[PDB]
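To keep things clear, I will list the structure first and then write my remarks on it.
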Amino acid sequence: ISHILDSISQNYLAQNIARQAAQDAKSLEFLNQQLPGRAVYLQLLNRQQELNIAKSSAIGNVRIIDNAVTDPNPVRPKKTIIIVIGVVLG
Amino acid sequence: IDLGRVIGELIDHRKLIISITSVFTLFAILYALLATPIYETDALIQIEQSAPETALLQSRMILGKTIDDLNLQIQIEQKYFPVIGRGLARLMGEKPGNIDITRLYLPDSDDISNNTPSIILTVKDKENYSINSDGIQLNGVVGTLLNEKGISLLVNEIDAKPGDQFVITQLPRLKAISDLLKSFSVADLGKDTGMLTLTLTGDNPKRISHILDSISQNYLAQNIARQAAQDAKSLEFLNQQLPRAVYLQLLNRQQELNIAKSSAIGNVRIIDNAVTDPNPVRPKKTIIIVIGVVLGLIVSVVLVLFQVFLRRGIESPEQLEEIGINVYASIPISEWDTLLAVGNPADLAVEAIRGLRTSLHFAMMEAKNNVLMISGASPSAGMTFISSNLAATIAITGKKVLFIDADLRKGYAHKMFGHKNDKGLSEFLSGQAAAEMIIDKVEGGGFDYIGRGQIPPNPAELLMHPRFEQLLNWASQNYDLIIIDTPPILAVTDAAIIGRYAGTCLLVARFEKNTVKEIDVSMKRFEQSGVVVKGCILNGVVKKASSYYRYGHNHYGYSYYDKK
Ligand SMILES: Nc1ncnc2c1ncn2[C@@H]1O[C@H](COP(=O)(O)OP(=O)(O)O)[C@@H](O)[C@H]1O
Ligand SMILES: [Mg+2]
């Protein structure tokens with residue numbers, strides 16, 4: 244469960260940075276599909396790199412302060428409340 | 017009432033309680049098993085709020101687009117003749133047949149009520165099929181479309197077995213939308229987030245996921261399109277406004398608006414495409430069966446609670462003795494035209510009649526004569542059962558007993574003893590028979606008996622004849638005991654006439670059929686006519702736990718024999 248919670252954290256970490264870039268990635272996606384007067388072609392090249400840098404540097408909103416560790420004491424079953432209820436119910 | 021009373025009542029009515037509860041649980045289980053399972057699929061939508089988006093998802097514009105895409109106005113239902121044929125077919129492991137229809141145009145009757153025309157498709161094989169709307173039979177084949185009789189139908193990929201029928205309904209577009217809108221719900225799940233949780237329920241697990249995907253995609257296309265439209269409208273005017386430095390400046394704005402429209406991206410977003418939860422959400426079998434048990438119990442309890450508060454019959458001899466009525470015996474029901498005292502002398506009811514025989518030997522002493530009249534309140538209370546068996550238990554003790562069947566109305570003692578039916582008590586009272594010709598011997602008995610004879614038209618007036626007292630005065634010298642069986646006193650007055658010549662009179666009370674006031678009314682009707690009723694005989698007692706808790710004793714009696 245500690246390996247799973249580490250995977251969930253890292254996937255959400257890798258995924259979150261990607262999400263903010265997704266708005267600029269879709270713009271970059273259509274720009275690459277739209278790369279063919385020449386002065387405008389240079390203006391597109393300036394937008395071409397600006398979308399490359401924005402996507403690459405767009406990592407934010409998620410920080411993992413602590414990695415997953417397992418509490419060695421089980422949370423269930425709660426032996427004391429079970430035995431106590433066993434006495435009282437009996 | 018207390019704990020013992022109610023627990024005894026529950027023990028006594030345990031058959032009723034168990035049967036009613038089991039019927040309720042059986043109905044609950046049959047519903048939980050035969051009800052069609054309804055699944056639920058969910059998608060997650062994340063808007064870039086989320087208030088106006090909900091009403092646009094549930095609109096007839098978005099939902100109506102899904103009905104057109106998936107042809108949700110073509111309703112196909114497997115044909116099952118009963119209201120349970122679908123559920124049991126699922127239990128038998130039969131996979132439900134499904135046919136894919138891509139084109140359906142019915143003749144559109146559109147009459148006063150049936151705005152939804154319907155046909156019935158009967159699968160003949162994997163390839164061809166039949167159609168019958170109103171008896172008109174039409175043969176169709178997968179592939180080749182059908183345009184006949186004003187009926188357009190295109191069936192693709194019949195996945196079923198031959199013989200299966202299907203009801204194909206072409207419901208109106210609004211009805212298809214209203215059905216979808218009824219099962220389709222939208223939520224926010226955070227009340228602030230841009231997340232929308234689209235859920236959809238239905239009996240088909242695969243179909244509802246295709247529908248929720250169509251709804252989501254349509255909503256996604258529309259949402260993004262609107263954001264795209266603003267930039268498409270500006271780029272539209274730019275294309276309309278292009279007429385050299387400003388021209389190049391507009392060219393930069395030209396592509397900057399091309400990129401935006403191309404990028405698109407609605408504020409709304411999809412994070413999870415629709416998948417169906419394989420566990421049905423309805424019917425909830427556990428809560429249905431549990432309610433079936435609990436509802437069956439509270440119904441069984443109120444019925445038992447009613448029968449307890451409504452019953453008025455006698456429950457124990459104590460009820461009769463609270464009024465001052467001596468109960469000389471309590472005869473149990475004999476579970477065994495025969496005399497019980499002769500057929501089964503060891504019966505528990507004969508053992509109780511022997512206890513009456515010894516109780517009478519002490520009560521019939523100090524009486525005027527040896528004549529014992531046995532009457533009762535209501536018919537079929539056991540007056541003939543007790544008097545005839547009491548005569549049999551006194552006959553084995555070596556006494557001469559005469560059993561007179563003075564029930565000139567419905568007396569059947571002659572049938573119970575073996576009869577020469579001629580010359581009974583009627584023929585004697587009417588003067589057409591001598592006292593010696595009417596006495597007959599019980600074969601397996603030990604006592605003589607006088608039958609009623611032919612039913613007279615005036616039974617109560619015959620018993621008033623002075624011949625009846627002459628017969629009793631004559632028989633009282635040739636017999637040690639005369640037992641007179643009579644009709645019930647609350648029916649006719651015959652017993653009050655006969656009771657004038659009987660030294661001892663006993664009433665027979667039926668266990669649950671007679672009431673305490675009914676027996677008190679009977680004893681006071683005798684006393685009003687000069688007949689002193691010595692006591693009562695409670696008849697037909699059954700073993701009941703309620704009597705053991707209400708009173709200390711159930712008054713049934715114990716079995717005492719050596720088992721061999
Ligand atoms: N304690 C009993 N046990 C078994 N059967 C009984 C008992 N009392 C009556 N019966 C039966 O129920 C019927 C009613 O008895 P019956 O003598 O005809 O009633 P009555 O003369 O009071 O109208 C009879 O067939 C009788 O055999
Ligand atoms: Mg009778």
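Chains C and B are the protein sequences, given in the same order. All the letters of the first sequence, read from the start, carry residue numbers 244 to 279, 384 to 437 under the entry's author numbering. All the letters of the second sequence, read from the start, carry residue numbers 17 to 64, 85 to 279, 385 to 477, 494 to 721 under the entry's author numbering. All C-beta atoms in this analysis are idealised placements derived from N, C-alpha and C, irrespective of residue type, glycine included.
query	result
Taking the CB atoms as reference points, tell me whether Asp-58 (chain B) and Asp-224 (chain B) lie closer together than 9 Å.	no
Could you name the residues of chain C that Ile-172 (chain B) contacts, counting a contact when the two beta carbons are closer than 9 Å?	The premise fails here: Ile-172 (chain B) is roughly 56 Å from chain C at the closest Cβ pair, so nothing lies under 9 Å.
If the cut-off is 8 Å on Cβ atoms, which residues from the stretch 385 to 416 of chain B count as contacting chain C, listed in chain order?	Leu-389, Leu-392, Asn-393, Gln-395, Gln-396, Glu-397, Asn-399, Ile-400, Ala-401, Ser-403, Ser-404, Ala-405, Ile-406
What are the start and end residues of the alpha helix (DSSP H) that includes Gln-589 (chain B)?	Where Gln-589 (chain B) is concerned, there is no enclosing alpha helix (DSSP H), given that its DSSP letter is neither H nor E.
Assuming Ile-472 (chain B) and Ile-428 (chain B) make a contact with CB atoms under 8 Å, what is their CB distance in whole Å?	Not confirmed; about 51 Å, so no contact.
CB of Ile-455 (chain B) to nearest heavy atom of ligand 1: below 8 Å?	no
DSSP on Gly-24 (chain B), reduced to helix/strand/coil?	helix
Say the cut is 8 Å; is the CB of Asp-597 (chain B) nearer than that to a heavy atom of ligand 2?	no
Would you mind telling me which residues of chain B sit closer than 7 Å to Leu-274 (chain C), beta carbon to beta carbon, in chain order?	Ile-400
At 3 residues or longer, and completely inside the stretch 126 to 165 of chain B: list those beta strand (DSSP E) runs for me, N to C.	134 to 141, 154 to 159
For a cutoff of 9 Å on Cβ pairs, would you count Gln-266 (chain C) as touching chain B?	yes
Looking at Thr-52 (chain B): is its Cβ nearer than 9 Å to the Cβ of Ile-430 (chain B)?	no
Report the residue ranges of all beta strand (DSSP E) runs contained in full by the stretch 517 to 582 of chain B; include only those spanning at least 3 residues, in chain order.	528 to 533, 558 to 562
Over what stretch of residues does the alpha helix (DSSP H) that includes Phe-450 (chain B) continue unbroken?	426 to 451
Round the Cβ separation of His-571 (chain B) and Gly-555 (chain B) to the nearest angstrom and send it over; I've been treating them as touching at under 8 Å.	So it is not a contact: roughly 25 Å between Cβ atoms.
Can a CB atom of chain B be found closer than 9 Å to the CB of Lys-269 (chain C)?	yes
Within 10 angstroms of the Cβ of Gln-396 (chain B), are there 16 or more other Cβ atoms? Answer buried if so, exposed if not.	buried
Which runs of the beta strand (DSSP E) at least 3 residues long sit entirely within the stretch 587 to 644 of chain B? Give them in chain order.	596 to 598, 605 to 607, 638 to 642
From the DSSP output, in three-state form, read off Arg-423 (chain C) for me.	coil
Please report the straight-line C-alpha distance between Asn-259 (chain B) and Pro-88 (chain B), rounded to a whole angstrom.	12 Å
Is any heavy atom in ligand 1 found nearer than 8 Å to the beta carbon of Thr-515 (chain B)?	no
If you draw a straight line from the alpha carbon of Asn-696 (chain B) to that of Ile-120 (chain B), how long is it in whole angstroms?	50 Å
How many whole angstroms separate the CB atoms of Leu-216 (chain B) and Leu-99 (chain B), which I take to be in contact at a CB cut-off of 8 Å?	5 Å
State the beta-bridge partners of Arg-667 (chain B) as determined by DSSP.	B:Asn-696
What's the gap between the Cα of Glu-523 (chain B) and the Cα of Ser-475 (chain B)?	32 Å
On a Cα-Cα basis, can you pick out the residue from B:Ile-187, B:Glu-456, B:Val-599 that is closest to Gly-575 (chain B)?	B:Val-599
Taking 7 Å as the limit between beta carbons, can you name the residues of its chain near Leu-127 (chain B), skipping five residues before and five after?	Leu-49
Counting Cβ pairs closer than 8 Å, one from the stretch 132 to 142 of chain B and one from the stretch 108 to 115 of chain B, do we hit at least three?	yes
For the beta strand (DSSP E) that contains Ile-187 (chain B), what are its first and last residues?	187 to 195
So with Cβ pairs under 9 Å, would you call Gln-277 (chain C) a contact of chain B?	yes
Considering only their Cβ atoms, is the gap separating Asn-526 (chain B) from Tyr-658 (chain B) smaller than 9 Å?	yes
Would you report the Cα separation of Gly-384 (chain C) and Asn-254 (chain B), rounded to the nearest angstrom?	38 Å
Look at the alpha carbon of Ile-400 (chain B) and the alpha carbon of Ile-251 (chain C), and state the distance between them as a whole number of angstroms.	34 Å
Return yes when at least one heavy atom of ligand 1 lies under 8 Å from the C-beta of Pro-132 (chain B), else no.	no
Candidates B:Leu-19, B:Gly-226, B:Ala-261, B:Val-665: which alpha carbon is nearest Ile-510 (chain B)'s?	B:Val-665
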